[PDB]
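Worksheet for the structure shown next.
Every heavy atom of this structure was used, including side-chain atoms; hydrogens, water molecules and symmetry mates were not. Each chain gets a letter, A, B and so on, in the order its sequence line appears, and its residues count up from 1.
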Amino acid sequence: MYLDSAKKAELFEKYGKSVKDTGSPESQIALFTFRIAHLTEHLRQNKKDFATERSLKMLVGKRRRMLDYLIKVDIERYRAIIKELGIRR
Amino acid sequence: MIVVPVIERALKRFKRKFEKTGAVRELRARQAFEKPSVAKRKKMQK
Amino acid sequence: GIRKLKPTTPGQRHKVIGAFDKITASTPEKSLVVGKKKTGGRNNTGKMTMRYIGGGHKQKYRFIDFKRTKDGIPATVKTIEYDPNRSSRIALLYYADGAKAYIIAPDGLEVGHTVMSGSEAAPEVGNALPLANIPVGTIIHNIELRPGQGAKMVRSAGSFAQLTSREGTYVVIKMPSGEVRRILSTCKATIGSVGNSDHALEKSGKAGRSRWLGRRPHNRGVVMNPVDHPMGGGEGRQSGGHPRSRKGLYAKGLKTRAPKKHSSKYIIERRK
Amino acid sequence: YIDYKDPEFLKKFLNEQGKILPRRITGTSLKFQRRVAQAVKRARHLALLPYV
Amino acid sequence: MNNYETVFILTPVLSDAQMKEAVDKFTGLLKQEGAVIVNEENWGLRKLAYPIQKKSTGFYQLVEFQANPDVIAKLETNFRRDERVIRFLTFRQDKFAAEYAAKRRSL
Amino acid sequence: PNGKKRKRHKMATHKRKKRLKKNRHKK
Amino acid sequence: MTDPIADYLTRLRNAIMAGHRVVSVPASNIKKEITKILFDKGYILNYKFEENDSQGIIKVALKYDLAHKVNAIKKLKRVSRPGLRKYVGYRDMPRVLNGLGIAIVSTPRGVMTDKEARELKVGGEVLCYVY
RNA sequence: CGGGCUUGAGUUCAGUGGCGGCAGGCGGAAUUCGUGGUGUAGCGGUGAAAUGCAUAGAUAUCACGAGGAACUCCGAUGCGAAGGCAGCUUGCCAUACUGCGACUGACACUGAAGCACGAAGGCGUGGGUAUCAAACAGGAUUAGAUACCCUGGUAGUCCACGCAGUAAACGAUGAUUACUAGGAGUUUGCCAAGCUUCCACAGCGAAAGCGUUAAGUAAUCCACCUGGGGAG
RNA sequence: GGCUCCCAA
Ligand SMILES: [K+]
Ligand SMILES: [K+]
Ligand SMILES: [Mg+2]
Ligand SMILES: [Mg+2]
Ligand SMILES: [Mg+2]
Ligand SMILES: [Mg+2]
Ligand code: NA
């Protein structure tokens, strides 16, 4: 996960109103998906990093719970975010 | 590598230096194998 | 890599062949190939001097540059190719001078890389250097025995040697066989190990593949008559006595290297 | 930050045989003792103090 | 970028010309890799605590620089490839260690 | 923490493993 | 938190057992009603409601018998827990300590004790037993 | 069902910390083998001996060469979901704790299935094979000795990939949440958290004992027990 | 004829 403050700020500006909104469900889902992809890339090389695995799984669980909250609150926002991120698979 | 440059006084000094270093204690320890569980439990009991 | 065949037939149940995952071209370079004739193990008098040779697929010979005397001319790796004449793969090179050559493909050499030969060459995989210029401890292959005569030593697929230390005009090298011996430091070697190390994992599966590769059936000596083999004869099965060849040469532990050979002065430790 | 250089400084925590003195012998606290041991081992690797 | 400090020892047989050649070779390799250099030092001849390669004296050189974390591997490959060097070490220095190094350079 | 309780289980395990090792290699 | 009413009862019980004089609880409407019922029935010395930026604080001053150094409250028991809810009619209202204790019960007429629940002929959820 | 709030929860920022994981490089002490030099009457081992190695030149000592394995002192603490993690260094990751005058606004807890990880020993393929050492062989001790002791010694112990899924896998103590006394030490960032260890009030317990890291006071969910053997 | 696939090239 090549993650830094500049990338986090760019993600928060892209998803969610204003760049200071680090806590929005959309911002959190975007951040989780970004580091999930990067951790997958790391694992394909370090196939024996069982600690980076299950950290990946805990990130996946967090993203799923945020998506379930979006289901319970506003379905249209969930459709928009999964369309913009290409999550469902 | 205990060095005692120099006869009774020299021999007493060498023996005292060897005792302070504790080479005989580690030699007695290295004469046999001890399980890590045995070492950990001995340390816990002591 | 290897490819394990599924057991659709009994002749395929135990067959493992190579995956051919490193080969990048299927056609050889026309100017560097020539048709090769076969021997059935027969010498120039027509007599069969070596048994169990004959038939097989038709093959063309590829000219391999085992000498590498184009010192200081960089070359580009063009293709990795199949060679029917050896267990390893080969690599096609284009020199900036405009020449072309084939070299033994080392492990890790990729299409698009640069290679060089001579003293000024960097000790990278695929480069050919005099042993005086190779850092101690490097994995090497294609080792010359005499300077200028061409690589002779470490050539089969997956094989490598090691430069253990140097002692002036001679360096010390550990061989694939486990022998340790001294080699003139003006002889050349190539950096890296020979590729296609999975060649040893292949299983023919059936007798037909040996026939394709050009081998003929080998007959045991105990199932012959005494007139043919010293180990033949008897009523029913018999052990044949002490194992030996048709000329009575013992086949268990009798040494055949000439006891007064001069090269034994350069052999530090022996292992067969 | 104790430097792996200044070996003369580094011998302050070593005994006559060159070994590392226990934390109870001197007044060190755990963080400083860990830093001292790391510096001593770095200098031993760099051949600034003997291994024996 | 990241602050690094490398200390390496050369054999005591080469002269000052070969000193300059080898140290400039390493410096140029770092510069080509893209590193800026903070401080190059030279402790000269030092008696090693233990013999290295059957030799008891060496030539100590220190380089503190800044680089991307990708050039360290190339630096060690060059170090291993060079038969003149006998013992090298590198350290990534944090904020506290960099502050100490800055104080040492100031003094 | 009597000891006989574990001794009985140890005996049973010994018997079962002996049975299995005797039955191996026979078909 | 799983049962705020049980937590309130536990805080009171632990303060009594430790011998404290004042216990502070996070505030809630039903908890305020329970505190009012306790003060009316005479189990606690006093109470106070504080409205800070949070949900608020209920400060309860307990009652000790200076004659015998014994608290006015002996047992507090939660009856209808989240894992098993209990509702009774006015005919089957429980009697606590043979009528010498109280049973705080929530009824459609409000939160009251089993005595007035029986009087008004209304049932509901049996919150707790106090004696 | 609809709306609101910030305490729970999470995201951000900052500070600090670590034998936490994976991967690449480097190092010294010790041990084994080979070659050469000095030297000759024993070495080794035990309660005592013998087997064993040695004048066709051992043990001992010096140098050259080669290879494998483990990391003294620090060092009892710390980290990790657990199993476990300790030479040095770097790269790539993960994560804990504290605070924020930042953000979202109950987004939480538990969890039958299922999935992942999971000491040692064991199995398959290929490397490697120094020490130690099941099986085995020899010498002793014994009424015998299929052992304890001694001398050898093969799988194994090491690496990569893949199986297997067990333990006194233990704190013999499932996970969350809130509350309730004192002493004595101890690690970390500022008196105070967040830990990590021992006496010990109330209370609990059959007792031994537990006691703010509960086996106390309560709430939620999961697992498991119902006399012993037969019988996992 | 070319195309596809394959290795024994
Ligand atoms: K045959
Ligand atoms: K004959
Ligand atoms: Mg016949
Ligand atoms: Mg017969
Ligand atoms: Mg048994
Ligand atoms: Mg159990
Ligand atoms: Na194995």
Side-chain angles (χ1 to χ4, degrees), chain B residues 3, chain D residues 2-5 7 9-11 13-15 18-23 25-30 32-34 36-51, chain E residues 2-4 6-15 19 22-23 26-27 30 37-39 42-63 65 72 75-76 78-80 82 84-94 97-98 100-102:
Chain B
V3 173
Chain D
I2 307 149
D3 199 354
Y4 54 82
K5 312 157 222 169
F9 186 22
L10 255 64
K11 295 95 172 193
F13 310 98
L14 313 177
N15 88 9
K19 292 179 160 55
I20 304 190
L21 284 172
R23 190 163 74 81
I25 284 304
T26 165
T28 320
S29 88
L30 246 175
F32 196 79
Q33 178 71 19
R34 295 184 179 170
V36 157
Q38 195 202 23
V40 165
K41 288 198 269 272
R42 279 169 166 192
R44 286 192 189 136
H45 200 327
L46 267 189
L48 290 163
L49 309 117
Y51 271 107
Chain E
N2 283 335
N3 328 297
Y4 299 103
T6 83
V7 173
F8 52 99
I9 316 159
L10 311 107
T11 58
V13 287
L14 53 157
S15 301
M19 280 252 168
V23 182
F26 291 139
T27 287
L30 273 181
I37 296 184
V38 162
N39 177 86
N42 190 344
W43 303 340
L45 202 293
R46 318 255 329 252
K47 182 187 275 72
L48 320 161
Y50 48 89
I52 292 183
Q53 289 229 34
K54 316 278 165 72
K55 320 147 57 55
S56 282
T57 87
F59 274 133
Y60 273 67
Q61 296 257 16
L62 181 152
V63 170
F65 67 99
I72 316 292
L75 180 68
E76 325 283 50
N78 300 2
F79 267 136
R80 267 178 283 130
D82 205 52
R84 280 162 323 184
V85 83
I86 51 175
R87 170 81 28 97
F88 63 94
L89 206 40
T90 180
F91 317 91
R92 153 106 163 261
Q93 42 192 12
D94 50 317
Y100 174 81

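In this structure the side chain of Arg87(E) reaches within 4.5 angstrom of the side chain of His45(D), judged on heavy atoms. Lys5(D) has its side chain out of reach of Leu46(D): every pair of non-hydrogen atoms, C-beta onward, lies at least 4.5 Å apart. Taking 4.5 Å as the limit, some side-chain heavy atom of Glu76(E) sits within range of a side-chain heavy atom of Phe88(E). Taking the side chain as every heavy atom from C-beta outward, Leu10(E) and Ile86(E) never approach each other to under 4.5 Å.
Interatomic distance, CD1 of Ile2(D) versus CZ of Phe13(D), reported as 6.0 Å (0.5 Å rounding). Interatomic distance, NZ of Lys41(D) versus OH of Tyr51(D), reported as 10.0 Å (0.5 Å rounding). In this structure, OH in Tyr50(E) is found 10.0 Å from CZ in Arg44(D), a value given to the nearest 0.5 Å. We find the CZ-CZ distance between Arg34(D) and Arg23(D) to be 9.0 Å, quoted to the nearest 0.5 Å. One finds the CG atom of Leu62(E) at 8.5 Å from the CZ atom of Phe8(E) (value rounded to the nearest 0.5 Å). Between the CZ atom in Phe26(E) and the CZ atom in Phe65(E) there is a gap of 12.0 Å [rounded to 0.5 Å].
The minimum heavy-atom distance linking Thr11(E) with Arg84(E) is given by the pair CG2-O, 3.5 Å. Heavy atoms only, all atoms of each residue included: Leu10(D) and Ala39(D) are closest at CD2-O, 3.7 Å. When every heavy atom of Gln61(E) is checked against every heavy atom of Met19(E), the shortest pair comes out as NE2-SD, 3.4 Å. The shortest heavy-atom contact between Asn3(E) and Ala98(E) is ND2-CB, 4.0 Å.
Applying the side chain to side chain contact (heavy atoms under 4.5 Å, CB included) criterion to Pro22(D), with sequence neighbours excluded, gives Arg24(D), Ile25(D). Residues satisfying the side chain to side chain contact (heavy atoms under 4.5 Å, CB included) test with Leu48(E), not counting sequence neighbours, are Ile9(E), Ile52(E), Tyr60(E). With sequence neighbours excluded, the residues that form a side chain to side chain contact (heavy atoms under 4.5 Å, CB included) with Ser56(E) are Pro51(E).
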Carefully, step by step, assess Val7(E) and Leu89(E) under the rule side-chain contact (heavy atoms from CB on, under 4.5 Å). CA-CA 5 Å; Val7(E) 173; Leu89(E) 206 40; 5.5 Å; no
Does the side-chain contact (heavy atoms from CB on, under 4.5 Å) test come out yes or no for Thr90(E) and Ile72(E), once each step is laid out? CA-CA 9 Å; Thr90(E) 180; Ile72(E) 316 292; 4.2 Å; yes
